[PDB]
Amino acid sequence: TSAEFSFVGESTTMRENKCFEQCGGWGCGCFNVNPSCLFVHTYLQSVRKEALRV
Amino acid sequence: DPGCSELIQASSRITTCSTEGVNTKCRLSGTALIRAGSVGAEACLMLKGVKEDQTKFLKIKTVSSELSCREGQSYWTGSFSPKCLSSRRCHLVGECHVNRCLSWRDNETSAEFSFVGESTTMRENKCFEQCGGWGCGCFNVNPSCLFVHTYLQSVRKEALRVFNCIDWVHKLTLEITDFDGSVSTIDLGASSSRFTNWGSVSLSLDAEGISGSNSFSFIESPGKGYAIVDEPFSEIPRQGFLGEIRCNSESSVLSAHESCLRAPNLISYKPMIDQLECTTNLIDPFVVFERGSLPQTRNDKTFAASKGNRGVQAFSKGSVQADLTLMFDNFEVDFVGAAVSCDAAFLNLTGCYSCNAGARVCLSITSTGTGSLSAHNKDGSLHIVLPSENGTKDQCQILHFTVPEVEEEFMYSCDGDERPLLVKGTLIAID
Amino acid sequence: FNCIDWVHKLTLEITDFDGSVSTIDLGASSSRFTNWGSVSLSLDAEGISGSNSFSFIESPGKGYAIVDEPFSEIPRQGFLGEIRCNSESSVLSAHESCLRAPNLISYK
Amino acid sequence: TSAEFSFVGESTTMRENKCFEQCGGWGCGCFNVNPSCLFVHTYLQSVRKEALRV
Amino acid sequence: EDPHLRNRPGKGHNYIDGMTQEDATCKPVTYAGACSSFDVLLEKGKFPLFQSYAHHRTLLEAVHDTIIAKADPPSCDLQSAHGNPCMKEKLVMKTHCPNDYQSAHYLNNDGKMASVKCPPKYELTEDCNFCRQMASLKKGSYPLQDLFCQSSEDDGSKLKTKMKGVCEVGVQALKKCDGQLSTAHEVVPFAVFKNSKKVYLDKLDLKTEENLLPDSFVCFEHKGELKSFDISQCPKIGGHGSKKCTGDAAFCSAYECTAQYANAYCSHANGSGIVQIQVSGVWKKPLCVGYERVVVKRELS
Amino acid sequence: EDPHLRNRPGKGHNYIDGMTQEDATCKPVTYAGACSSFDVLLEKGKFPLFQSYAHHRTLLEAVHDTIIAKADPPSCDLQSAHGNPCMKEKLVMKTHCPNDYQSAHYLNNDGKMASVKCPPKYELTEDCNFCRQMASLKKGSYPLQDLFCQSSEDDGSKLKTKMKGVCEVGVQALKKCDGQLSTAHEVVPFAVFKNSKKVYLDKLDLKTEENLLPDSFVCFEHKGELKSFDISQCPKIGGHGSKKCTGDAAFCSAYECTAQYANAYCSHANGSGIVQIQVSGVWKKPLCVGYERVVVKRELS
């Protein structure tokens with residue numbers, strides 16, 4: 001669990017943690033010339049109000 | 001242009017009304033179905049509360065039929081230029097051994113190049129031996145050694161991202177308008193879902209696709225147009241191939257980061273005792289980018305770029321047959337009965353009949369207050385909604401008919417009382 | 001040595017604006033730094049394929065040579081290049097950096 | 001061995017225990033909103049008094 | 001790393017009403033400061049949101065920033081009778097309160113600093129709803145909410161709670177539920193703009209847009225530990241302000257360096273910028289956004 | 001370790017006007033006496049170039065050897081702000097020292113000696129750019145660059161900056177530009193020819209010939225202070241000369257060694273003698289190649 005989204009909790013909801021590379025410097029929003037990261041905390045939610053047993 | 005071509009009524013099982021503050025509101029906790037409109041046409045959603053005048057609509061404007069691409073293995077590339085550094089030292093002096101330079105590792109900084117500095121680029125260290133004696137300025141009889149420290153840096157101010165497409169996803173850019181009037185522009189492809197204020201939406205039926213996309217590599221340019229190459233995706237980067245030096249991000253190419261990949265034993269060298277010229281025969285992607293610049297003519301389709309959202313598309317010339325699933329995440333729909341007047345008049349009626357396009361109607365609505373106007377026919381198959389304000393403005397939308405002599409009576413209102421209205425117009429045969 | 005690809009090389013004698021004579025050469029897409037800047041090629045043609053089955057021999061101050069056989073890969077007995085070296089000084093002085101064929105020196 | 005059916009134990013019969021998932025709330029007779037369970041202790045026994053040896 | 005965990009830009013005052021036992025060590029907030037209302041905010045495994053957004057503002061710092069007013073009364077008594085403002089908003093809470101604490105401040109619906117306090121020397125219980133008899137007792141309060149603030153000024157008096165399909169959440173009476181109410185304790189965020197109500201949310205989307213702002217620089221005194229020094233006292237180049245300022249090449253490239261005429265040292269920092277919030281699609285500037293664990297009553301059918 | 005690198009050839013003086021009162025023990029530089037302007041150049045992990053070429057001269061020693069002149073003023077005054085002679089060349093340079101210094105020397109654009117001065121009792125910053133207030137007070141000049149000193153007679157004052165593609169590097173304005181520049185502190189070498197300016201280097205290709213020249217050896221007075229002894233007076237092998245000399249296998253392999261019957265002790269050095277460099281495709285002999293971390297503004301958009 002990433003520190004940028006650890007406040008959600010370790011529940012039983014289907015979740016996943018990714019990690020992408022962005023840019024660095026003052027061209028996007030940083031201070032060092034090294035590229036920045038992108039913490040992703042994607043969780044799934046139920047859409048249909050009913051389930052089917054195939 | 002507005003105008004819901006296909007209109008359907010929501011079911012009463014997922015439509016429960018309520019009353020709070022002399023107002024009758026209702027929410028939707030289900031999902032309806034409606035046919036996807038063509039280029040120009042829309043697909044409204046009639047919502048009924050407890051009586052007749054309380055009627056809401058949800059218009060979804062369709063831009064055009066597009067075929068987006070699905071990106072998979074992507075990588076950045078660009079031009080580079082090495083810089084050879086020579087430093088010859090005598091034999092038996094520090095690390096000037098003829099046997100150490102033979103098996104010298106690339107990731108090992110020698111004692112004669114430990115004063116370079118913060119060089120976090122694609123650097124390497126070789127070791128080529130030379131001659132000795134008093135003829136080349138050497139004190140020892142044994143041959144001398146020449147240390148090599150060449151690092152790669154970026155010289156081009158731009159770069160390119162070479163990627164491929166595993167499947168052509170039929171993406172439809174929809175401009176969904178909420179009940180109150182909130183305009184939201186989204187997109188739906190194949191079976192993808194998004195997130196709107198009224199819940200969620202996803203494309204249902206999809207019977208349009210282009211086969212044979214793995215054997216085509218695409219090139220993305222920052223800001224400029226895209227490109228297309230008639231070859232399969234680049235496998236392993238080897239010598240003499242398009243894409244021998246790749247990375248992962250744009251900054252890894254614009255700054256020549258050591259985290260990228262390159263071909264082994266690619267940087268050539270010219271052992272000239274004391275001189276050294278490190279030159280590489282890198283492949284220039286700008287030549288292919290200029291020879292194959294979008295748009296191009298490929299089979300019976302039109303391959304071009306895309307505005308706003310970055311991504312490749314594919315213009316088609318077929319029909320638009322799809323379905324939409326309007327999922328309502330339990331969102332309340334309120335409505336206030338207006339009491340302003342409005343004397344509308346008919347203008348013209350141009351367009352076509354018996355087709356997915358429709359016919360444009362002209363209405364001169366003259367109202368004295370800011371509100372909304374609702375119109376309907378007699379049998380219950382046509383509904384026209386147009387905004388109204390204080391003044392005289394010309395409105396209208398796209399209407400569908402199956403007769404060139406349209407003589408349908410309309411019933412429009414703006415406060416409660418409904419007055420008759422007759423329309424007319426000659427249409428043409430449009431397939 | 002051998003040759004994996006024939007590069008169209010053109011020896012150029014670039015003369016500067018002041019009058020200095022500089023003789024260089026270009027190949028495929030290589031660039032050389034000069035006084036006023038750098039020069040490189042842009043388009044090449046006329047290529048000869050199928051050169052991996054031939055080995056060339058270079059002589060110091062004498063000339064070149066051509067051999068009608070594939071290039072020597074691994075040294076062995078009964079083949080050209082039994083005992084090889086890294087440089088000319090490693091051959092004239094017999095250094096341990098060079099390789100040799102296993103069990104090549106016979107004995108009685 | 002379930003806790004509700006502890007009066008049987010690990011007997012020398014063809015016993016088994018399952019736990020089915022059911023609904024909760026006040027509509028089914030519960031307090032917590034979490035789904036309840038269903039303790040099933042079904043055992044096999046002979047019917048007639050004549051057997052066969054195939 | 002993270003050299004900006006305890007340093008608070010701008011104001012940095014964690015003064016609480018009623019629990020007046022840390023006025024000596026609390027204003028300002030330095031690196032070697034002592035305050036129970038800030039030490040628990042950086043505890044490992046408690047408030048990850050404050051650890052991720054450390055270079056911002058808090059609740060009391062926002063109250064002392066002349067942008068958020070205090071409630072009346074600011075410190076309610078837990079041994080009252082009927083008509084307690086800190087009862088309905090406190091009993092519906094869920095976050096467990098640690099031991100050795102007496103006061104507990106939070107945010108009310110109107111957007112003011114609301115706090116409770118028991119009679120000495122009674123500490124809080126497990127839930128923090130009631131009180132009971134008494135390590136050592138802390139000299140301050142405990143933040144009940146994990147929220148943050150910044151330098152914003154947009155109005156939000158026309159925006160209300162956008163929780164669709166929710167009957168009654170927390171203490172606000174939204175809509176009338178037609179089905180059976182489902183009592184469940186969940187985590188629902190909230191958002192308070194400049195002089196507005198507690199606007200709850202469902203999917204918090206916060207983005208950071210950093211730029212050349214004066215809040216991206218700090219200043220610490222020299223030492224022939226660390227101290228505290230306001231960075232807003234450094235004027236531009238070729239000018240003269242109130243206090244002297246100096247730094248390195250990054251700090252001296254934009255501001256005037258007085259060399260030895262100052263008593264601090266400017267360094268190149270970051271973690272500031274302008275943080276936006278996703279409210280009704282339109283990106284606005286939050287002022288009191290965070291998370292609060294309340295009782296959510298949803299529809300069962 | 002054995003301090004065998006303290007024996008500097010020639011004069012070996014390291015003192016400047018204004019401050020630095022340690023000239024009584026650093027004139028010349030020998031085993032006895034301590035000096036902060038030279039003991040920091042022998043520690044590993046800092047300046048490896050000077051450690052590799054420790055058989056020549058330094059910067060101050062090159063000034064005292066009629067090679068590098070003295071600028072006016074030779075010591076920059078940090079008491080007056082709002083710009084002073086010695087700010088544009090230092091603010092862009094990124095240096096670091098173990099603090100507790102007052103003076104610092106570097107190279108200017110003209111090619112002379114431009115240093116700073118810290119009046120007592122003021123301490124420099126962690127980078128040496130500005131100053132601050134107040135361990136021990138080291139009045140010596142901290143080496144800001146990593147250059148050396150050598151004697152040469154090859155003329156070449158008709159060459160400027162050889163770097164191509166950089167807008168404004170250091171303090172030299174090669175070309176104008178108001179667009180986006182890749183501002184980053186890079187390590188770019190530099191060299192000074194015979195009476196030339198600050199000639200920046202795009203690449204370093206040194207050349208050292210190991211012969212029998214006196215500059216290629218560090219033969220000093222045999223013991224069993226120490227200055228630079230001429231190795232040409234040593235007798236050849238199988239012959240006779242003037243004075244006597246001795247050494248190890250590297251020195252005794254070509255000359256003659258008499259052990260205790262010698263007046264000097266010769267030994268082989270690592271990286272000493274004629275030092276050439278590549279510039280404009282022509283080999284030239286500079287006077288001292290060093291490194292600096294100045295602001296390099298490369299082109300972009």
# chains A, B, ... in the order shown; residues from 1 in each chain; ligands from 1
>>> closest_atom_pairs(of="chain E", to="chain D", cutoff="12 Å", atoms="only C-alpha atoms", output="Markdown table")
| residue | atom | partner | partner_atom | distance |
| --- | --- | --- | --- | --- |
| E:179 | CA | D:27 | CA | 12.0 |
| E:180 | CA | D:26 | CA | 9.2 |
| E:181 | CA | D:25 | CA | 10.1 |
| E:182 | CA | D:33 | CA | 7.2 |
| E:183 | CA | D:33 | CA | 7.4 |
| E:184 | CA | D:33 | CA | 7.4 |
| E:185 | CA | D:33 | CA | 10.5 |
| E:297 | CA | D:33 | CA | 11.3 |
| E:298 | CA | D:33 | CA | 11.2 |
| E:299 | CA | D:25 | CA | 11.7 |
| E:300 | CA | D:25 | CA | 8.6 |
| E:301 | CA | D:27 | CA | 10.7 |
>>> calpha_fit_rmsd(fixed="chain F", moving="chain E")
3.5 Å
>>> select_by_dssp(residues="segment 50-171 of chain F", states="helix (DSSP H, G or I)", output="NGL selection string")
:F and (50-52 or 60-63 or 88-91)
>>> write_last_selection(atoms="N, CA, C and O atoms", output="short mmCIF file (atom, residue, chain, number, x, y, z; two decimals), in the first residue's frame")
data_model
loop_
_atom_site.label_atom_id
_atom_site.label_comp_id
_atom_site.auth_asym_id
_atom_site.auth_seq_id
_atom_site.Cartn_x
_atom_site.Cartn_y
_atom_site.Cartn_z
N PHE F 50 43.50 16.63 -8.64
CA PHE F 50 44.69 17.16 -7.99
C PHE F 50 45.52 16.05 -7.36
O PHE F 50 46.75 16.15 -7.30
N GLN F 51 44.87 14.98 -6.88
CA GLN F 51 45.61 13.85 -6.34
C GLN F 51 46.35 13.09 -7.43
O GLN F 51 47.44 12.56 -7.19
N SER F 52 45.78 13.03 -8.64
CA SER F 52 46.46 12.40 -9.76
C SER F 52 47.60 13.26 -10.29
O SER F 52 48.62 12.73 -10.73
N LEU F 60 47.81 29.26 -6.19
CA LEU F 60 48.62 30.29 -5.53
C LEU F 60 50.10 30.11 -5.85
O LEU F 60 50.82 31.10 -6.06
N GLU F 61 50.57 28.86 -5.89
CA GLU F 61 51.95 28.60 -6.27
C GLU F 61 52.21 29.04 -7.71
O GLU F 61 53.31 29.54 -8.01
N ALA F 62 51.23 28.88 -8.60
CA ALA F 62 51.38 29.38 -9.96
C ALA F 62 51.38 30.91 -9.99
O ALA F 62 52.04 31.50 -10.85
N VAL F 63 50.67 31.55 -9.06
CA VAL F 63 50.70 33.00 -8.98
C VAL F 63 52.08 33.48 -8.52
O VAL F 63 52.62 34.45 -9.05
N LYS F 88 29.16 37.49 -9.48
CA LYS F 88 28.62 36.81 -10.65
C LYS F 88 29.38 35.52 -10.96
O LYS F 88 28.80 34.57 -11.49
N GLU F 89 30.67 35.48 -10.62
CA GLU F 89 31.48 34.29 -10.88
C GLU F 89 31.35 33.23 -9.79
O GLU F 89 31.68 32.07 -10.04
N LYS F 90 30.87 33.60 -8.60
CA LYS F 90 30.71 32.66 -7.50
C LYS F 90 29.28 32.20 -7.31
O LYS F 90 29.06 31.04 -6.94
N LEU F 91 28.30 33.08 -7.55
CA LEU F 91 26.90 32.70 -7.35
C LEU F 91 26.49 31.56 -8.28
O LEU F 91 25.72 30.68 -7.89
#
>>> residues_around(residues="segment 6-9 of chain D", least_positions_apart="4", cutoff="12 Å", atoms="only C-alpha atoms", output="short mmCIF file (atom, residue, chain, number, x, y, z; two decimals) with N, CA, C and O atoms, in the first residue's frame")
data_model
loop_
_atom_site.label_atom_id
_atom_site.label_comp_id
_atom_site.auth_asym_id
_atom_site.auth_seq_id
_atom_site.Cartn_x
_atom_site.Cartn_y
_atom_site.Cartn_z
N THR D 1 -15.47 -29.67 12.91
CA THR D 1 -16.57 -29.77 13.87
C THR D 1 -17.09 -28.37 14.20
O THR D 1 -16.33 -27.51 14.65
N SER D 2 -18.38 -28.15 13.97
CA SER D 2 -18.99 -26.87 14.25
C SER D 2 -19.27 -26.72 15.75
O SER D 2 -19.37 -27.70 16.49
N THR D 13 -19.38 -42.11 11.57
CA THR D 13 -20.40 -42.12 10.53
C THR D 13 -19.95 -41.22 9.38
O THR D 13 -18.89 -40.59 9.43
N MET D 14 -20.78 -41.16 8.34
CA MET D 14 -20.49 -40.32 7.17
C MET D 14 -21.07 -38.92 7.41
O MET D 14 -22.06 -38.50 6.80
N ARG D 15 -20.42 -38.19 8.31
CA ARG D 15 -20.84 -36.86 8.69
C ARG D 15 -20.10 -35.80 7.88
O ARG D 15 -19.03 -36.06 7.32
N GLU D 16 -20.68 -34.61 7.82
CA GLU D 16 -20.09 -33.49 7.11
C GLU D 16 -20.71 -32.20 7.62
O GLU D 16 -21.81 -32.20 8.18
N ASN D 17 -19.98 -31.10 7.43
CA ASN D 17 -20.42 -29.79 7.88
C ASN D 17 -20.13 -28.76 6.81
O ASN D 17 -19.04 -28.76 6.22
N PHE D 39 -25.26 -22.95 9.45
CA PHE D 39 -24.58 -24.16 9.89
C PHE D 39 -25.43 -25.37 9.56
O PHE D 39 -26.55 -25.51 10.06
N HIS D 41 -25.40 -29.57 9.45
CA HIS D 41 -24.77 -30.80 9.92
C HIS D 41 -25.62 -31.97 9.44
O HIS D 41 -26.52 -32.43 10.15
N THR D 42 -25.34 -32.45 8.23
CA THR D 42 -26.09 -33.54 7.62
C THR D 42 -25.25 -34.81 7.66
O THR D 42 -24.10 -34.82 7.21
N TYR D 43 -25.83 -35.88 8.19
CA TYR D 43 -25.17 -37.17 8.29
C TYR D 43 -25.98 -38.23 7.54
O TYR D 43 -27.20 -38.10 7.37
#
>>> residues_around(residues="residue 35 of chain D", least_positions_apart="6", cutoff="8 Å", atoms="only C-alpha atoms", output="ChimeraX atom specification")
/D:21-25
>>> residues_around(residues="residue 343 of chain B", least_positions_apart="2", cutoff="12 Å", atoms="only C-alpha atoms", output="mmCIF file with N, CA, C and O atoms, in the first residue's frame")
data_model
loop_
_atom_site.group_PDB
_atom_site.id
_atom_site.type_symbol
_atom_site.label_atom_id
_atom_site.label_comp_id
_atom_site.auth_asym_id
_atom_site.auth_seq_id
_atom_site.Cartn_x
_atom_site.Cartn_y
_atom_site.Cartn_z
ATOM 1 N N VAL B 340 -43.861 31.033 -16.734
ATOM 2 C CA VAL B 340 -43.641 32.106 -17.691
ATOM 3 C C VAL B 340 -44.324 31.754 -19.006
ATOM 4 O O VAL B 340 -44.580 30.587 -19.314
ATOM 5 N N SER B 341 -44.624 32.782 -19.794
ATOM 6 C CA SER B 341 -45.277 32.603 -21.080
ATOM 7 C C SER B 341 -44.241 32.447 -22.190
ATOM 8 O O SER B 341 -43.043 32.670 -22.001
ATOM 9 N N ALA B 345 -43.129 30.437 -32.854
ATOM 10 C CA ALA B 345 -43.578 30.448 -34.237
ATOM 11 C C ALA B 345 -42.705 29.518 -35.065
ATOM 12 O O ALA B 345 -41.547 29.261 -34.726
ATOM 13 N N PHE B 346 -43.274 29.015 -36.156
ATOM 14 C CA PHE B 346 -42.569 28.104 -37.045
ATOM 15 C C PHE B 346 -41.787 28.885 -38.093
ATOM 16 O O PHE B 346 -42.228 29.938 -38.561
ATOM 17 N N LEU B 363 -37.587 27.139 -35.199
ATOM 18 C CA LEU B 363 -38.632 27.651 -34.324
ATOM 19 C C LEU B 363 -38.187 28.974 -33.718
ATOM 20 O O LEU B 363 -37.066 29.090 -33.214
ATOM 21 N N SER B 364 -39.070 29.966 -33.772
ATOM 22 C CA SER B 364 -38.810 31.299 -33.235
ATOM 23 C C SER B 364 -39.560 31.420 -31.909
ATOM 24 O O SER B 364 -40.676 31.938 -31.854
ATOM 25 N N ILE B 365 -38.936 30.934 -30.840
ATOM 26 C CA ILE B 365 -39.540 30.974 -29.513
ATOM 27 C C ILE B 365 -39.346 32.368 -28.928
ATOM 28 O O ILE B 365 -38.216 32.856 -28.823
ATOM 29 N N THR B 366 -40.447 33.009 -28.548
ATOM 30 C CA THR B 366 -40.431 34.347 -27.960
ATOM 31 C C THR B 366 -41.046 34.255 -26.568
ATOM 32 O O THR B 366 -42.269 34.161 -26.426
ATOM 33 N N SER B 367 -40.200 34.283 -25.543
ATOM 34 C CA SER B 367 -40.630 34.197 -24.157
ATOM 35 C C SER B 367 -40.210 35.454 -23.406
ATOM 36 O O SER B 367 -39.427 36.271 -23.896
ATOM 37 N N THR B 368 -40.746 35.600 -22.195
ATOM 38 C CA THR B 368 -40.456 36.744 -21.343
ATOM 39 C C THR B 368 -39.693 36.369 -20.081
ATOM 40 O O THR B 368 -39.330 37.259 -19.306
ATOM 41 N N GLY B 369 -39.443 35.081 -19.851
ATOM 42 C CA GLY B 369 -38.724 34.653 -18.670
ATOM 43 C C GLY B 369 -37.818 33.478 -18.983
ATOM 44 O O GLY B 369 -38.025 32.742 -19.950
ATOM 45 N N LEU B 373 -38.916 24.934 -22.387
ATOM 46 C CA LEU B 373 -40.116 24.667 -23.167
ATOM 47 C C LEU B 373 -40.184 23.181 -23.488
ATOM 48 O O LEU B 373 -39.171 22.572 -23.848
ATOM 49 N N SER B 388 -35.691 28.557 -23.181
ATOM 50 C CA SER B 388 -36.447 29.785 -23.373
ATOM 51 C C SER B 388 -35.933 30.849 -22.416
ATOM 52 O O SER B 388 -35.590 30.550 -21.268
ATOM 53 N N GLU B 389 -35.883 32.091 -22.895
ATOM 54 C CA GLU B 389 -35.417 33.218 -22.101
ATOM 55 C C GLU B 389 -36.189 34.464 -22.518
ATOM 56 O O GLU B 389 -37.034 34.427 -23.417
ATOM 57 N N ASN B 390 -35.891 35.579 -21.853
ATOM 58 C CA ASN B 390 -36.549 36.849 -22.140
ATOM 59 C C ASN B 390 -35.951 37.438 -23.413
ATOM 60 O O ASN B 390 -34.796 37.875 -23.422
ATOM 61 N N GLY B 391 -36.733 37.450 -24.483
ATOM 62 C CA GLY B 391 -36.302 37.976 -25.757
ATOM 63 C C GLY B 391 -36.870 37.149 -26.889
ATOM 64 O O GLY B 391 -37.814 36.383 -26.706
ATOM 65 N N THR B 392 -36.278 37.313 -28.071
ATOM 66 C CA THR B 392 -36.696 36.595 -29.273
ATOM 67 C C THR B 392 -35.476 35.904 -29.865
ATOM 68 O O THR B 392 -34.599 36.564 -30.431
ATOM 69 N N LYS B 393 -35.422 34.580 -29.736
ATOM 70 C CA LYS B 393 -34.317 33.788 -30.251
ATOM 71 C C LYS B 393 -34.854 32.682 -31.148
ATOM 72 O O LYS B 393 -35.990 32.227 -30.989
ATOM 73 N N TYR B 412 -46.865 22.314 -27.856
ATOM 74 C CA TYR B 412 -45.818 22.899 -27.035
ATOM 75 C C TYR B 412 -46.429 23.768 -25.943
ATOM 76 O O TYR B 412 -47.497 24.360 -26.122
ATOM 77 N N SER B 413 -45.740 23.835 -24.807
ATOM 78 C CA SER B 413 -46.206 24.620 -23.673
ATOM 79 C C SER B 413 -44.999 25.146 -22.909
ATOM 80 O O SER B 413 -43.872 24.675 -23.082
ATOM 81 N N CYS B 414 -45.253 26.137 -22.053
ATOM 82 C CA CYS B 414 -44.196 26.737 -21.252
ATOM 83 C C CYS B 414 -44.610 27.070 -19.827
ATOM 84 O O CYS B 414 -43.779 27.584 -19.070
ATOM 85 N N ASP B 415 -45.854 26.800 -19.434
ATOM 86 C CA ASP B 415 -46.308 27.098 -18.080
ATOM 87 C C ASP B 415 -47.374 26.107 -17.631
ATOM 88 O O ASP B 415 -47.487 25.804 -16.439
ATOM 89 N N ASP B 417 -50.690 25.563 -19.944
ATOM 90 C CA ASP B 417 -51.655 25.486 -21.032
ATOM 91 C C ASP B 417 -50.956 25.098 -22.330
ATOM 92 O O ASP B 417 -49.902 25.645 -22.670
ATOM 93 N N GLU B 418 -51.547 24.152 -23.054
ATOM 94 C CA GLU B 418 -51.000 23.657 -24.310
ATOM 95 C C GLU B 418 -51.820 24.200 -25.471
ATOM 96 O O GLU B 418 -53.054 24.138 -25.448
ATOM 97 N N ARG B 419 -51.133 24.730 -26.481
ATOM 98 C CA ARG B 419 -51.770 25.274 -27.667
ATOM 99 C C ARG B 419 -51.343 24.492 -28.904
ATOM 100 O O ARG B 419 -50.230 23.958 -28.952
ATOM 101 N N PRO B 420 -52.207 24.392 -29.911
ATOM 102 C CA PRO B 420 -51.862 23.614 -31.104
ATOM 103 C C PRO B 420 -50.828 24.324 -31.966
ATOM 104 O O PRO B 420 -50.643 25.542 -31.900
ATOM 105 N N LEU B 421 -50.148 23.529 -32.788
ATOM 106 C CA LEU B 421 -49.141 24.042 -33.705
ATOM 107 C C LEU B 421 -48.980 23.056 -34.853
ATOM 108 O O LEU B 421 -48.884 21.846 -34.630
#
>>> atom_distance(atom1="atom CA of residue 149 of chain B", atom2="atom CA of residue 11 of chain C")
27.9 Å
>>> interface_residues(of="chain E", to="chain F", cutoff="9 Å", atoms="only C-alpha atoms", output="list in words")
residues 222, 223, 224, 237, 238, 239, 246, 247, 248, 249, 252, 253, 256, 257, 258, 259, 260, 261, 262, 263, 264 and 265 of chain E
>>> write_last_selection(atoms="C-alpha atoms", output="short mmCIF file (atom, residue, chain, number, x, y, z; two decimals), in the first residue's frame")
data_model
loop_
_atom_site.label_atom_id
_atom_site.label_comp_id
_atom_site.auth_asym_id
_atom_site.auth_seq_id
_atom_site.Cartn_x
_atom_site.Cartn_y
_atom_site.Cartn_z
CA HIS E 222 22.53 29.15 11.97
CA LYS E 223 24.44 27.22 14.64
CA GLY E 224 28.08 27.90 15.45
CA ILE E 237 16.33 41.53 -5.26
CA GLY E 238 17.53 45.12 -5.26
CA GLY E 239 15.20 46.08 -2.41
CA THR E 246 20.09 35.09 2.93
CA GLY E 247 20.65 31.72 1.30
CA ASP E 248 22.53 29.80 -1.40
CA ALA E 249 22.38 30.08 -5.20
CA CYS E 252 19.74 34.06 -3.84
CA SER E 253 18.73 33.79 -7.51
CA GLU E 256 18.23 39.33 -2.11
CA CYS E 257 20.92 37.69 0.03
CA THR E 258 22.26 39.90 2.83
CA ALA E 259 25.26 37.58 3.45
CA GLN E 260 26.10 37.99 7.17
CA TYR E 261 23.48 40.68 7.82
CA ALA E 262 20.83 37.99 8.40
CA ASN E 263 20.29 35.35 11.08
CA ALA E 264 18.97 32.45 8.98
CA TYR E 265 19.73 30.46 5.82
#
>>> closest_atom_pairs(of="chain B", to="chain C", cutoff="7 Å", atoms="only C-alpha atoms", output="CSV")
residue,atom,partner,partner_atom,distance
B:99,CA,C:97,CA,6.4
B:131,CA,C:89,CA,6.9
B:279,CA,C:30,CA,5.6
B:280,CA,C:30,CA,6.5
B:281,CA,C:29,CA,5.5
>>> write_last_selection(atoms="N, CA and C atoms", output="CSV table (one decimal), in the first residue's frame")
chain,number,residue,atom,x,y,z
B,99,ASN,N,46.8,-6.5,-19.8
B,99,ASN,CA,45.8,-7.6,-19.5
B,99,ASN,C,44.6,-7.1,-18.8
B,131,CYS,N,50.9,0.9,-28.5
B,131,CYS,CA,52.3,0.5,-28.6
B,131,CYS,C,53.1,1.2,-27.5
B,279,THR,N,32.2,7.4,-33.1
B,279,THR,CA,31.0,7.7,-34.0
B,279,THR,C,30.1,6.5,-34.1
B,280,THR,N,28.8,6.7,-34.1
B,280,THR,CA,27.8,5.7,-34.2
B,280,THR,C,27.0,5.9,-35.4
B,281,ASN,N,26.6,4.8,-36.0
B,281,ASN,CA,25.7,4.8,-37.2
B,281,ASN,C,24.2,4.6,-36.8
>>> atom_distance(atom1="atom CA of residue 44 of chain C", atom2="atom CA of residue 7 of chain C")
8.6 Å
>>> atom_distance(atom1="atom CA of residue 349 of chain B", atom2="atom CA of residue 46 of chain B")
23.7 Å
>>> select_by_dssp(residues="segment 43-178 of chain F", states="strand (DSSP E)", output="number ranges by chain")
F: 75-77, 101-107, 113-117, 123-124, 131-132, 138-143, 166-169, 172-173
>>> interface_residues(of="chain F", to="chain C", cutoff="10 Å", atoms="only C-alpha atoms", output="PyMOL selection string")
chain F and resi 162+164+279-282
>>> interface_residues(of="chain F", to="chain B", cutoff="6 Å", atoms="only C-alpha atoms", output="VMD selection string")
chain F and resid 48 to 49 187 205 to 206 209 to 211 300
>>> residues_around(residues="segment 273-277 of chain E", least_positions_apart="4", cutoff="10 Å", atoms="only C-alpha atoms", output="number ranges by chain")
A: 29-30; E: 55-56, 149-152, 191, 204-216, 281-287, 289
>>> interface_residues(of="chain B", to="chain A", cutoff="12 Å", atoms="only C-alpha atoms", output="VMD selection string")
chain B and resid 14 28 to 32 120 to 121 193 to 195 199 to 202 247 to 259 325 to 330
>>> residues_around(residues="residue 217 of chain B", least_positions_apart="6", cutoff="7 Å", atoms="only C-alpha atoms", output="NGL selection string")
:B and (162-164 or 228-233)
